[PDB]
Amino acid sequence: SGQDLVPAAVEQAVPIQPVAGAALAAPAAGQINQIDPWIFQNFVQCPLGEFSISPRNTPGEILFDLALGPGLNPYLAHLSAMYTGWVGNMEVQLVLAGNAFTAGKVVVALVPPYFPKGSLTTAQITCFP
Amino acid sequence: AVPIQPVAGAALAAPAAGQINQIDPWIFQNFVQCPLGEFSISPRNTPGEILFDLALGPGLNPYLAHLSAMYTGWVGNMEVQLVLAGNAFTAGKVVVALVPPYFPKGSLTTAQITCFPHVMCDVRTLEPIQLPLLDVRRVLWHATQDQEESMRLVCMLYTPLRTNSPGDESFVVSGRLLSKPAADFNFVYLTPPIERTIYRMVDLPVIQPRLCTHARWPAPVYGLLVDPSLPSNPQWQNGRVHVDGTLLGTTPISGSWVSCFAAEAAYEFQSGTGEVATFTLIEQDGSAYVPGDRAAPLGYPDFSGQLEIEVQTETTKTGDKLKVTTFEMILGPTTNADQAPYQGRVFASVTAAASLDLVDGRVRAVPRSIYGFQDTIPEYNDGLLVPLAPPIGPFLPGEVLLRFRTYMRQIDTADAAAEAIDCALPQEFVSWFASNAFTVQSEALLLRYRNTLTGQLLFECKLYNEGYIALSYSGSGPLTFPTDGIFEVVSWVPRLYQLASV
Amino acid sequence: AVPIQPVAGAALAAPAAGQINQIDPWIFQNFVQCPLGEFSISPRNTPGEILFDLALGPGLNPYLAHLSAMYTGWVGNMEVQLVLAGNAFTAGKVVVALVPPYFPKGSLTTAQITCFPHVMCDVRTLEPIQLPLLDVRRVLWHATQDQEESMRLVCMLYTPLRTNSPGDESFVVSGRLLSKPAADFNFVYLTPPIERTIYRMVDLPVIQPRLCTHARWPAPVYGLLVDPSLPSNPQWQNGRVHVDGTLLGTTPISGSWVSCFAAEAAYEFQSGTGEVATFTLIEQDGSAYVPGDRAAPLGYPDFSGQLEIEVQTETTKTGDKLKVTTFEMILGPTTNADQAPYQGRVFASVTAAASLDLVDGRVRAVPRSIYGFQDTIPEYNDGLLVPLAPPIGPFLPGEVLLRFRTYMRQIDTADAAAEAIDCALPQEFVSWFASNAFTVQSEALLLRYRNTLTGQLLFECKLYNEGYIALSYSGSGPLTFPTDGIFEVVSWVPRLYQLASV
Amino acid sequence: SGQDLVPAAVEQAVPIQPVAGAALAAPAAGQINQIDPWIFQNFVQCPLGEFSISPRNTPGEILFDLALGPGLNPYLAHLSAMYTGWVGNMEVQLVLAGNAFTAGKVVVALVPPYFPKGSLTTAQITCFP
Ligand SMILES: C[C@H](CCC(=O)NCCS(=O)(=O)O)[C@H]1CC[C@H]2[C@@H]3[C@H](O)C[C@@H]4C[C@H](O)CC[C@]4(C)[C@H]3C[C@H](O)[C@]12C
Ligand SMILES: C[C@H](CCC(=O)NCCS(=O)(=O)O)[C@H]1CC[C@H]2[C@@H]3[C@H](O)C[C@@H]4C[C@H](O)CC[C@]4(C)[C@H]3C[C@H](O)[C@]12C
């Protein structure tokens, strides 16, 4: 083990307020619906959760682009065949722990809804949290 | 004042937006004018007229219409105020009603306007009527980049206007609506600013018309003029476009495609009047042409007469290989012509005495001159269907088209006066409007011809959102304008907006 | 940290501004990237290189560059931070210095960069170097619509970079500058938003090149391609423009003016090889032409060969009045030609056997075909001066011009292969850039050819602010691209920005 | 960043007393002369302030040799055209921060006045502070 690496990229205070989950949609669905309290307890790998940065990539390439949903969890992508609806936030871990000799930086943004899909150049991915 | 509950703005939309973004506190101070928020009540109006009808958004304020490209959403109320310009000797009322964000459409009679939460204002009030514009909605917030259904203010003439009038003007009572954000307007989520928004006013190219290019015949533009004598409602097929960026008929993007066609060379000799080639038309970009919405391939001539294409002739006869001969084509009916560009076939005839050993290939044609030119639709089909652009109208009483006359190469045998073809929009505007693809706000722009050197107006014309310019002319003689100015968009007007007489 | 006093922002400018306008408090939260604030330190760089040089303003932030059209002025500091991408095994420093708002120009050696208030950053630092950008000024506030002298950040390579490198890539240490407003940034006076500002990025027309029109010969554009074989630095005179809206040479606005001239008809018969007309050239808009900066009137052909204008012939001989004959003109020297368009005279010769009774008037000429076409400057003067546009360069090592080839009507007697004339910018961009008149930020745009249907790149080219496109090609064979995509401006780059190999 | 390097070569207690600067020459010049208090506030690179150690150098080579003066400062080498005289100490920073793989040691001495110039072998450069 050696600490000639970066210790931790501790989530900066991203400029965003807290958002309500199932507390807004609860008096508008006609059921009491809860999911296993053990699904909230471990981080399991996404269905689309595998990328790679080679040195043939250029600045601006989009490494991953995944919309908040139940498609971000093998558990909830399976539970979401029985239900019609969802609300709430998710917590994502990003595991890049490259060699001690590599160098480079990725930037992970928080693109809001209704923002046009497509290009999203490198000059404008920083204007988001 | 008005029978509505108070409507929560940014307090209902807060627990579900990443951010709630504040606005400069100096914007909640000024009453800025609403676009299309002006009217005028003449004593010839019948009660029931709808003076204005404008929907709550950020498009009502130039500050917010510009701030609303940095953000994703908005929520909240606005304060509007209606000012009326009438003295103590007028008489008449005006009912301003808050229409909910549904309630479809149709003639609202004055019986029905008083059924909404409304305010009934006498014409002879002093201080401006202030009234709210609440955000009644089904959703938490609104999206700035997608026009949605929000509360309208509709103004209607309740009882008519009773005044005297000297001899001119006829005393119209004017009125203007001015709005500002309420204390709880908010945008939602800071995005990177985009330029192709929807509250982006139509701007025009800064190019004098003399430097432009014509749309129906490939030549410069030599004079813009009004002319109450010619057919007031023509049906041209080139130089037709919508201000929202939609090409109408056989109008091409480029100006090289005008009065031209790329065809298939099908050559064969004949011992009659000369050589005759049948051309299988295609689109000049090289894409397979099929009979569709247009009355001909893109750019095919829209006039009637004797046109003469040139070539692409490869001759295998010894002495020369590639030459430039002049064919001949008839555009008018003449009661003897198999002219059907619609289906993709045209007939060209040169008067040759021997055989021209011409290889069959792919050619494209360039006009040389015209003989017997008539401003009249050609034969896109023999006597058959032509899905074509409608005529160029209608105009208000006392408004005449503004034509961009150029002069085409005439083959004549009786006179020498140059003939004038003309279009409604030079080929620079046809490319501008298509490349920008603006958002049409109401019905008609309001241009303003100015002189760049002097700095004085020449006239105020009106660009209809259908792609032609009108102009309120009274006289009868062709009045020609200078061709060294600049068109400048002022604002959006309704159809019935009456110009100033030129 | 840095040896500067604290600089008062909006407290010095307050008693003399009508308003002091606040900014959304969510803009003081994010570090947004600065335009042109990126570099890369290779191990082949010598100390003294200037990696970036950027001036305090509102042009450093996309939020403020957009908010700064609603207002008149600004004041205050910014916070910038430099991130560097290097591991523990690199070695090298970088000095970031605060240059005052004067101190003219020139090669700043590394001896002199350490004399400003600076910060010396090792390449192998972890957390981003944060440093201020104060507003040192002579005046109370600044005007947003007038670039002025404000404090710069200049970054210089102090000691060189010592690392290993596998075989590819060569380990460049990248770095990026990101800024946000300090706690006391303010705009001054709310005006109505204007669209023709100075922080308005260059946008391109949304038009596929196949739909465009050529700039040197009046025809459509049939293929864009690179070609390392032809003259790498041509000296064309049509299709030359500056991205800041300045027409270079004999480039016209319109596409109808290309390879054309309006001339004075001076007709007289001669019993030699035929009829010969001397033309007194004028500007096609009808304005009196005088020898000036251009090498010929606006639009006169810029190729060399045997061109054949058409007419404006009015014949008073009985039988016909207005016809279309084909003259002939020589553009190359041929060692026997009085070709001087510069002074306003050209010679045209048709091979006639009898007298053509042609009235003297005002004509204008249209090309018909070319014989013996050579990509070489014609004789604008006999052997005399020609104030002309410079060649098209220079390019970096391994970059070749991107040409918009069209095919002109060839008169041939030995073969049939179509010849390709080509320009650097189709005639739609020449009108776009002139009608908008953008503000050039640094040295070269960075376009991006995409496909509208699929949605995948084709190449990344580079539009130099001198009006031509370059492209980093390695091979030697002419590589032709599809002509159905869209050019998309990405950002401003320096000259030395190295493209990605196509 | 990595700390498989040497943290800091913090100036050892070099055996030398403090020396008086302008307090001795003040009652012997007929003027009150002060220099900008901001020139004392940042370290700027010497006029002769650039050397390099290659592996072709041998132990004993003199990397730099710079006499105390106003020639050690671009600021004071410019101010010293208006005056005839000077006194006082200077503070010098030495920036060698070589790669993590290099190895070697330099020794910086404090040679007094009147010491003969010339050879200064490696056996005797350590006899100085
Ligand atoms: C016959 C064309 C030569 C140009 C010409 O004859 N006149 C140009 C001026 S004018 O309008 O006649 O006035 C040749 C040269 C360029 C050719 C075209 C180009 O090769 C582009 C496509 C390529 C496709 O394979 C075939 C159709 C095509 C669309 C070709 C049609 C035709 O063979 C063209 C148009
Ligand atoms: C000879 C012109 C007729 C048009 C023509 O011959 N060909 C058009 C197509 S092409 O390019 O030849 O290919 C005539 C009709 C329009 C005329 C022009 C127009 O009258 C506009 C100005 C008016 C000025 O009084 C005289 C110069 C002028 C500039 C005229 C020159 C010339 O008499 C023109 C240009």
# chains A, B, ... in the order shown; residues from 1 in each chain; ligands from 1

call {"tool": "interface_residues", "arguments": {"of": "chain C", "to": "chain B", "cutoff": "7 Å", "atoms": "only C-alpha atoms", "output": "MDAnalysis selection string"}}
result
chainID C and resid 21:24 62 192 205:207 210:213 218:220 253:254 256 285 319:323 410:416 435

call {"tool": "write_last_selection", "arguments": {"atoms": "N, CA, C and O atoms", "output": "tab-separated table (two decimals), in the first residue's frame"}}
result
chain	number	residue	atom	x	y	z
C	21	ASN	N	-26.40	46.12	-8.79
C	21	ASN	CA	-27.31	45.02	-9.01
C	21	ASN	C	-26.68	43.71	-8.56
C	21	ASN	O	-25.54	43.42	-8.91
C	22	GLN	N	-27.43	42.92	-7.82
C	22	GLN	CA	-26.87	41.70	-7.27
C	22	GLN	C	-27.00	40.55	-8.25
C	22	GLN	O	-27.71	40.62	-9.25
C	23	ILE	N	-26.28	39.48	-7.97
C	23	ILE	CA	-26.23	38.30	-8.81
C	23	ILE	C	-26.80	37.13	-8.02
C	23	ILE	O	-26.66	37.07	-6.80
C	24	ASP	N	-27.45	36.22	-8.72
C	24	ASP	CA	-27.96	34.98	-8.15
C	24	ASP	C	-26.95	34.37	-7.20
C	24	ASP	O	-25.80	34.17	-7.60
C	62	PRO	N	-19.56	31.77	-18.10
C	62	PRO	CA	-20.76	31.74	-18.94
C	62	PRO	C	-22.00	32.29	-18.28
C	62	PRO	O	-22.88	32.80	-18.97
C	192	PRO	N	-32.19	47.48	-21.18
C	192	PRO	CA	-32.84	46.45	-21.95
C	192	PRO	C	-31.83	45.57	-22.65
C	192	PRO	O	-30.85	46.07	-23.23
C	205	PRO	N	-24.20	28.66	-39.62
C	205	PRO	CA	-25.49	28.31	-40.21
C	205	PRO	C	-25.73	26.82	-40.15
C	205	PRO	O	-24.80	26.02	-40.25
C	206	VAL	N	-26.99	26.44	-39.92
C	206	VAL	CA	-27.38	25.02	-39.91
C	206	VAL	C	-27.81	24.70	-41.33
C	206	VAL	O	-28.98	24.75	-41.70
C	207	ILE	N	-26.82	24.40	-42.16
C	207	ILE	CA	-27.03	24.12	-43.58
C	207	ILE	C	-25.98	23.11	-44.01
C	207	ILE	O	-24.78	23.34	-43.82
C	210	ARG	N	-23.83	20.36	-49.06
C	210	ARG	CA	-24.39	20.00	-50.36
C	210	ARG	C	-25.49	20.95	-50.80
C	210	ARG	O	-25.75	21.08	-52.00
C	211	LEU	N	-26.14	21.62	-49.85
C	211	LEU	CA	-27.17	22.60	-50.13
C	211	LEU	C	-26.62	24.00	-50.32
C	211	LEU	O	-27.38	24.92	-50.61
C	212	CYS	N	-25.31	24.17	-50.14
C	212	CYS	CA	-24.68	25.48	-50.20
C	212	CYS	C	-24.45	25.89	-51.65
C	212	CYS	O	-24.86	25.22	-52.59
C	213	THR	N	-23.79	27.03	-51.82
C	213	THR	CA	-23.40	27.53	-53.12
C	213	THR	C	-21.92	27.86	-53.10
C	213	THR	O	-21.38	28.28	-52.08
C	218	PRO	N	-20.18	30.17	-59.98
C	218	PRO	CA	-21.59	30.15	-59.56
C	218	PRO	C	-22.26	28.81	-59.79
C	218	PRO	O	-23.01	28.64	-60.76
C	219	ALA	N	-22.02	27.86	-58.90
C	219	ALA	CA	-22.58	26.52	-59.02
C	219	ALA	C	-22.79	25.98	-57.62
C	219	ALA	O	-22.30	26.55	-56.64
C	220	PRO	N	-23.53	24.89	-57.47
C	220	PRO	CA	-23.60	24.21	-56.18
C	220	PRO	C	-22.25	23.64	-55.78
C	220	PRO	O	-21.32	23.55	-56.57
C	253	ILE	N	-20.75	39.87	-51.29
C	253	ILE	CA	-21.77	39.34	-50.39
C	253	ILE	C	-22.58	38.27	-51.11
C	253	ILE	O	-22.64	37.11	-50.68
C	254	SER	N	-23.20	38.64	-52.22
C	254	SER	CA	-24.11	37.76	-52.94
C	254	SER	C	-23.35	36.66	-53.68
C	254	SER	O	-22.15	36.76	-53.93
C	256	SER	N	-24.68	35.67	-56.66
C	256	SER	CA	-24.91	36.01	-58.06
C	256	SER	C	-23.81	36.88	-58.63
C	256	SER	O	-23.65	36.94	-59.85
C	285	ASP	N	-23.65	46.76	-58.41
C	285	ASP	CA	-24.77	47.44	-57.78
C	285	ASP	C	-25.10	48.77	-58.45
C	285	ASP	O	-26.09	49.41	-58.07
C	319	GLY	N	-35.26	42.24	-87.88
C	319	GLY	CA	-35.40	40.80	-87.73
C	319	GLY	C	-35.37	40.38	-86.28
C	319	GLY	O	-36.10	39.47	-85.87
C	320	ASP	N	-34.53	41.04	-85.48
C	320	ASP	CA	-34.42	40.76	-84.06
C	320	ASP	C	-33.80	41.97	-83.38
C	320	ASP	O	-33.05	42.73	-84.00
C	321	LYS	N	-34.14	42.15	-82.11
C	321	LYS	CA	-33.68	43.30	-81.34
C	321	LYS	C	-32.74	42.92	-80.21
C	321	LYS	O	-31.63	43.46	-80.12
C	322	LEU	N	-33.16	42.01	-79.33
C	322	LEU	CA	-32.37	41.60	-78.18
C	322	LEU	C	-32.05	40.12	-78.30
C	322	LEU	O	-32.97	39.29	-78.31
C	323	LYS	N	-30.77	39.79	-78.41
C	323	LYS	CA	-30.32	38.41	-78.54
C	323	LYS	C	-29.30	38.10	-77.45
C	323	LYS	O	-28.94	38.95	-76.64
C	410	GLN	N	-16.74	22.85	-68.64
C	410	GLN	CA	-15.47	22.77	-69.35
C	410	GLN	C	-15.72	22.64	-70.84
C	410	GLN	O	-16.52	21.79	-71.26
C	411	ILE	N	-15.06	23.48	-71.63
C	411	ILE	CA	-14.93	23.26	-73.07
C	411	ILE	C	-13.65	22.48	-73.29
C	411	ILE	O	-12.55	22.99	-73.04
C	412	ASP	N	-13.77	21.24	-73.73
C	412	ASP	CA	-12.62	20.37	-73.89
C	412	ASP	C	-12.57	19.83	-75.30
C	412	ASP	O	-13.57	19.79	-76.02
C	413	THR	N	-11.36	19.43	-75.71
C	413	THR	CA	-11.17	18.80	-77.01
C	413	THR	C	-10.29	17.56	-76.91
C	413	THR	O	-9.93	17.00	-77.95
C	414	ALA	N	-9.94	17.12	-75.71
C	414	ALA	CA	-9.06	15.97	-75.53
C	414	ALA	C	-9.54	14.97	-74.49
C	414	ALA	O	-9.10	13.82	-74.54
C	415	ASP	N	-10.40	15.36	-73.56
C	415	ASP	CA	-10.88	14.45	-72.53
C	415	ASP	C	-12.24	14.92	-72.04
C	415	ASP	O	-12.81	15.88	-72.56
C	416	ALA	N	-12.77	14.22	-71.04
C	416	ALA	CA	-14.09	14.52	-70.52
C	416	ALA	C	-14.16	14.55	-69.00
C	416	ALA	O	-15.24	14.81	-68.46
C	435	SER	N	-22.93	39.37	-42.15
C	435	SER	CA	-24.18	39.88	-41.59
C	435	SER	C	-24.16	39.88	-40.07
C	435	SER	O	-24.86	40.68	-39.45

call {"tool": "interface_residues", "arguments": {"of": "chain C", "to": "chain A", "cutoff": "8 Å", "atoms": "only C-alpha atoms", "output": "number ranges by chain"}}
result
C: 26, 29-33, 35, 62, 85-89, 126, 169, 174, 490-491

call {"tool": "write_last_selection", "arguments": {"atoms": "N, CA, C and O atoms", "output": "compact mmCIF listing (two decimals), in the first residue's frame"}}
result
# COMPACT_ATOMS: atom_id res chain seq x y z
N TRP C 26 -26.40 31.50 -6.26
CA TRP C 26 -25.99 30.17 -6.67
C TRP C 26 -24.93 30.21 -7.74
O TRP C 26 -24.60 29.17 -8.30
N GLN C 29 -21.23 29.80 -6.15
CA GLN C 29 -21.02 28.48 -5.59
C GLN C 29 -20.19 27.58 -6.47
O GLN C 29 -19.39 26.80 -5.97
N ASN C 30 -20.36 27.67 -7.78
CA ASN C 30 -19.72 26.77 -8.72
C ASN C 30 -18.49 27.40 -9.34
O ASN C 30 -18.46 28.60 -9.60
N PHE C 31 -17.48 26.58 -9.60
CA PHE C 31 -16.29 26.97 -10.35
C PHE C 31 -16.51 26.56 -11.79
O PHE C 31 -16.41 25.38 -12.12
N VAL C 32 -16.78 27.52 -12.65
CA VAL C 32 -17.07 27.27 -14.06
C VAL C 32 -15.83 27.56 -14.87
O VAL C 32 -15.08 28.48 -14.54
N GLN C 33 -15.63 26.83 -15.96
CA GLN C 33 -14.36 26.91 -16.66
C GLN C 33 -14.22 28.19 -17.47
O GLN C 33 -15.19 28.69 -18.05
N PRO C 35 -12.87 30.42 -20.62
CA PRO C 35 -12.55 30.17 -22.03
C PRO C 35 -11.08 30.47 -22.30
O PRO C 35 -10.57 31.50 -21.87
N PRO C 62 -19.56 31.77 -18.10
CA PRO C 62 -20.76 31.74 -18.94
C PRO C 62 -22.00 32.29 -18.28
O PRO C 62 -22.88 32.80 -18.97
N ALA C 85 -2.90 18.07 -13.69
CA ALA C 85 -3.04 16.62 -13.73
C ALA C 85 -1.67 15.98 -13.86
O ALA C 85 -1.24 15.63 -14.95
N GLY C 86 -1.01 15.77 -12.73
CA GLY C 86 0.28 15.11 -12.72
C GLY C 86 0.43 14.28 -11.47
O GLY C 86 -0.10 14.62 -10.42
N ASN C 87 1.16 13.18 -11.59
CA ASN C 87 1.28 12.21 -10.52
C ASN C 87 2.50 12.54 -9.65
O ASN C 87 3.06 13.63 -9.72
N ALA C 88 2.90 11.60 -8.80
CA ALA C 88 3.98 11.83 -7.86
C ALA C 88 5.36 11.73 -8.48
O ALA C 88 6.34 12.05 -7.81
N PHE C 89 5.46 11.28 -9.72
CA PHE C 89 6.74 11.03 -10.34
C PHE C 89 7.11 12.07 -11.38
O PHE C 89 8.12 11.91 -12.06
N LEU C 126 -1.69 18.34 -5.28
CA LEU C 126 -2.91 17.54 -5.20
C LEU C 126 -4.17 18.38 -5.38
O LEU C 126 -4.94 18.16 -6.32
N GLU C 169 0.86 7.83 -25.30
CA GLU C 169 1.18 9.20 -25.62
C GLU C 169 2.50 9.59 -24.93
O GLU C 169 3.17 8.74 -24.37
N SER C 174 -1.62 18.11 -18.08
CA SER C 174 -2.67 19.03 -18.45
C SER C 174 -3.04 19.93 -17.29
O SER C 174 -2.76 19.64 -16.13
N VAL C 490 -17.30 24.63 -31.40
CA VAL C 490 -17.11 24.14 -30.05
C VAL C 490 -16.62 25.26 -29.15
O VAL C 490 -17.30 25.63 -28.18
N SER C 491 -15.46 25.83 -29.46
CA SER C 491 -14.86 26.84 -28.60
C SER C 491 -13.73 27.51 -29.36
O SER C 491 -13.42 27.14 -30.50

call {"tool": "residues_around", "arguments": {"residues": "residue 72 of chain A", "least_positions_apart": "4", "cutoff": "10 Å", "atoms": "only C-alpha atoms", "output": "list in words"}}
result
residues 44, 45, 46, 47, 48, 49, 66, 67, 68, 76, 77, 90, 91 and 92 of chain A

call {"tool": "closest_residue", "arguments": {"among": "C:398, C:299, C:455, C:333", "to": "ligand 2", "atoms": "only C-alpha atoms and all ligand atoms"}}
result
C:299

call {"tool": "atom_distance", "arguments": {"atom1": "atom CA of residue 176 of chain B", "atom2": "atom CA of residue 157 of chain B"}}
result
14.3 Å

call {"tool": "select_by_dssp", "arguments": {"residues": "segment 263-294 of chain C", "states": "strand (DSSP E)", "output": "tab-separated table (two decimals) with C-alpha atoms, in the first residue's frame"}}
result
chain	number	residue	atom	x	y	z
C	263	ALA	CA	-19.67	46.67	-67.69
C	264	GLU	CA	-20.13	49.55	-70.10
C	265	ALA	CA	-20.85	48.46	-73.67
C	266	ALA	CA	-18.42	50.12	-76.08
C	267	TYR	CA	-19.09	48.34	-79.36
C	268	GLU	CA	-17.31	48.77	-82.69
C	275	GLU	CA	-16.29	41.72	-83.28
C	276	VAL	CA	-14.39	43.15	-80.31
C	277	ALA	CA	-15.95	45.05	-77.40
C	278	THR	CA	-14.03	47.04	-74.80
C	279	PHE	CA	-15.81	47.00	-71.44
C	280	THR	CA	-15.56	49.80	-68.88
C	281	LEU	CA	-16.16	47.93	-65.64
C	282	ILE	CA	-18.34	49.18	-62.80

call {"tool": "residues_around", "arguments": {"residues": "residue 8 of chain A", "least_positions_apart": "3", "cutoff": "12 Å", "atoms": "only C-alpha atoms", "output": "ChimeraX atom specification"}}
result
/A:3,5,11-12,94-97 /C:126-127

call {"tool": "decode", "arguments": {"residues": "segment 92-108 of chain D", "atoms": "N, CA and C atoms", "output": "PDB file, in the first residue's frame"}}
result
ATOM      1  N   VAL D  92      18.175  34.277   0.551  1.00  0.00           N
ATOM      2  CA  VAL D  92      18.188  33.588  -0.724  1.00  0.00           C
ATOM      3  C   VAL D  92      17.417  32.294  -0.571  1.00  0.00           C
ATOM      4  N   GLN D  93      16.549  32.011  -1.524  1.00  0.00           N
ATOM      5  CA  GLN D  93      15.907  30.719  -1.659  1.00  0.00           C
ATOM      6  C   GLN D  93      16.555  29.962  -2.795  1.00  0.00           C
ATOM      7  N   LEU D  94      16.709  28.667  -2.612  1.00  0.00           N
ATOM      8  CA  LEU D  94      17.325  27.789  -3.590  1.00  0.00           C
ATOM      9  C   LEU D  94      16.282  26.764  -3.986  1.00  0.00           C
ATOM     10  N   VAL D  95      15.866  26.782  -5.245  1.00  0.00           N
ATOM     11  CA  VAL D  95      14.816  25.886  -5.702  1.00  0.00           C
ATOM     12  C   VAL D  95      15.431  24.780  -6.538  1.00  0.00           C
ATOM     13  N   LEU D  96      15.788  23.684  -5.893  1.00  0.00           N
ATOM     14  CA  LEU D  96      15.988  22.404  -6.552  1.00  0.00           C
ATOM     15  C   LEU D  96      14.937  21.461  -6.004  1.00  0.00           C
ATOM     16  N   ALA D  97      14.123  20.905  -6.887  1.00  0.00           N
ATOM     17  CA  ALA D  97      13.062  19.994  -6.492  1.00  0.00           C
ATOM     18  C   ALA D  97      13.012  18.839  -7.470  1.00  0.00           C
ATOM     19  N   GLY D  98      14.168  18.239  -7.719  1.00  0.00           N
ATOM     20  CA  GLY D  98      14.329  17.239  -8.744  1.00  0.00           C
ATOM     21  C   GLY D  98      13.377  16.078  -8.639  1.00  0.00           C
ATOM     22  N   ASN D  99      13.425  15.205  -9.636  1.00  0.00           N
ATOM     23  CA  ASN D  99      12.511  14.086  -9.748  1.00  0.00           C
ATOM     24  C   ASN D  99      12.586  13.206  -8.507  1.00  0.00           C
ATOM     25  N   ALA D 100      11.642  12.280  -8.399  1.00  0.00           N
ATOM     26  CA  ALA D 100      11.638  11.356  -7.277  1.00  0.00           C
ATOM     27  C   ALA D 100      12.670  10.259  -7.418  1.00  0.00           C
ATOM     28  N   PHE D 101      13.282  10.124  -8.591  1.00  0.00           N
ATOM     29  CA  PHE D 101      14.240   9.068  -8.860  1.00  0.00           C
ATOM     30  C   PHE D 101      15.680   9.534  -8.783  1.00  0.00           C
ATOM     31  N   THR D 102      15.936  10.835  -8.839  1.00  0.00           N
ATOM     32  CA  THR D 102      17.299  11.319  -8.764  1.00  0.00           C
ATOM     33  C   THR D 102      17.862  11.129  -7.363  1.00  0.00           C
ATOM     34  N   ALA D 103      19.177  11.268  -7.252  1.00  0.00           N
ATOM     35  CA  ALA D 103      19.852  11.181  -5.973  1.00  0.00           C
ATOM     36  C   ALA D 103      21.118  12.007  -6.034  1.00  0.00           C
ATOM     37  N   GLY D 104      21.388  12.757  -4.985  1.00  0.00           N
ATOM     38  CA  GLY D 104      22.625  13.504  -4.902  1.00  0.00           C
ATOM     39  C   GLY D 104      22.472  14.656  -3.947  1.00  0.00           C
ATOM     40  N   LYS D 105      23.600  15.234  -3.574  1.00  0.00           N
ATOM     41  CA  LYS D 105      23.604  16.289  -2.581  1.00  0.00           C
ATOM     42  C   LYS D 105      24.487  17.428  -3.040  1.00  0.00           C
ATOM     43  N   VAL D 106      24.000  18.652  -2.865  1.00  0.00           N
ATOM     44  CA  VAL D 106      24.796  19.849  -3.063  1.00  0.00           C
ATOM     45  C   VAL D 106      25.076  20.439  -1.694  1.00  0.00           C
ATOM     46  N   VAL D 107      26.144  21.221  -1.598  1.00  0.00           N
ATOM     47  CA  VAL D 107      26.498  21.862  -0.339  1.00  0.00           C
ATOM     48  C   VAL D 107      26.720  23.340  -0.605  1.00  0.00           C
ATOM     49  N   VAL D 108      25.989  24.193   0.103  1.00  0.00           N
ATOM     50  CA  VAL D 108      26.028  25.635  -0.103  1.00  0.00           C
ATOM     51  C   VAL D 108      26.785  26.264   1.051  1.00  0.00           C
TER      52      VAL D 108
END
